[PDB]
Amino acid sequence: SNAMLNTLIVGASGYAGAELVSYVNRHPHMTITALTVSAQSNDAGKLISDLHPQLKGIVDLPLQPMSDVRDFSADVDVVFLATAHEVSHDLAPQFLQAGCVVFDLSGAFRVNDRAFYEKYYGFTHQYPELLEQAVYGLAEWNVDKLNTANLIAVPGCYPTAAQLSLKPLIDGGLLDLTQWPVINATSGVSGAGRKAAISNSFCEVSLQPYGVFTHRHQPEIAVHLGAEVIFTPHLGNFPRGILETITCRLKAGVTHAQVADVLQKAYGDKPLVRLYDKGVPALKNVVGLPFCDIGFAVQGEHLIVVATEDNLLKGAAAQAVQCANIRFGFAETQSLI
């Protein structure tokens, strides 16, 4: 075989980072060179399995404070950035410059539009040439570009299930888009990230919509689909998983059979998608697994699509690794299954 890919995981101490660590550890063609945290992190020097004891005895590497990319970039092939948007914006170009392939899990390179970063992210994007270079890592729809991508912008968790549901229907011309698709989505609390805040504190969670008409995932979905949507996320009191219920109006004459044919053609041979021929998925059946599960129902001109994923897996870390498998010529689900 070729040598294992030397892999750096930046922001490894969060929930998504910990899932990346498990996958890379298990991957026969990738090896962890280092796990990093911010320069002045309270978690510097602690073992990843101290913060994430499910990794105890499996991966016990220290979390190294990184103050300069050049202390870690030498002999690195692959960098996963499991960091926040503004850190990723700063870090990605430096790792590219050092000759690394970068899989960014943040929103920093997902949309080829500088004004987008103003409104929804609060900062002026300084790398418009990287906005053009970045490949959107929705893996089922970007295989050819992923093969040669050195900057991969991994989609948001909610956008992943939303677009897997909607894209083949829209590209197939099945939807009357004058009635904007309505995406109602619920996430477990791990999607807020590892952090002491009031709003993800145990007693503060029940069920509540948030980011109503303001969530940064909405424009990501609309721009990439090329169609306006309603997107309403909800925080539910369980740790893991996203379920989306997506309600649309079909074009005149479009049938259940035609929707089924389009989904089957899109995903029949896609190993991370599980299609329900009849009925709709329950969220627990994908938790801990790297799939997106999709079912649907039709009544006259109305369509409801239901999609689930594990928010940390297909919504984040498993999709990142899937993209890496595609990029490096490995079996698409290697380490994931």
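Numbering starts at 1 and runs along the sequence shown.
Averaging the C-alpha B factors as listed in the entry, name the stretch that ends up higher: 253-261 or 113-121.
According to the PDB entry, the answer is 113-121.
Report the third (lowest, middle or highest) to which the CA temperature factor of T214 belongs, ranking only the modelled residues of the same chain.
As the PDB entry reports it, the C-alpha B-factor of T214 lands in the middle third of its chain.
Taking the C-alpha B-factors as the PDB entry records them, is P168 in the lowest, middle or highest third of its chain?
According to the entry, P168 has a C-alpha B-factor in the chain's middle third.
Ranked by Cα temperature factor within the chain, is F103 in the lowest third, the middle third or the highest third?
Answer is lowest: the recorded C-alpha B-factor places it there.
Check where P128 lands among this chain's C-alpha B-factors and tell me if it's the lowest, middle or highest third.
For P128, whose C-alpha B-factor we compare with every modelled residue in the chain, the answer is the middle third.
What third of the chain does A139 rank in for C-alpha temperature factor, lowest, middle or highest?
Its C-alpha B-factor, which the entry lists for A139, ranks in the lowest third among residues of this chain.
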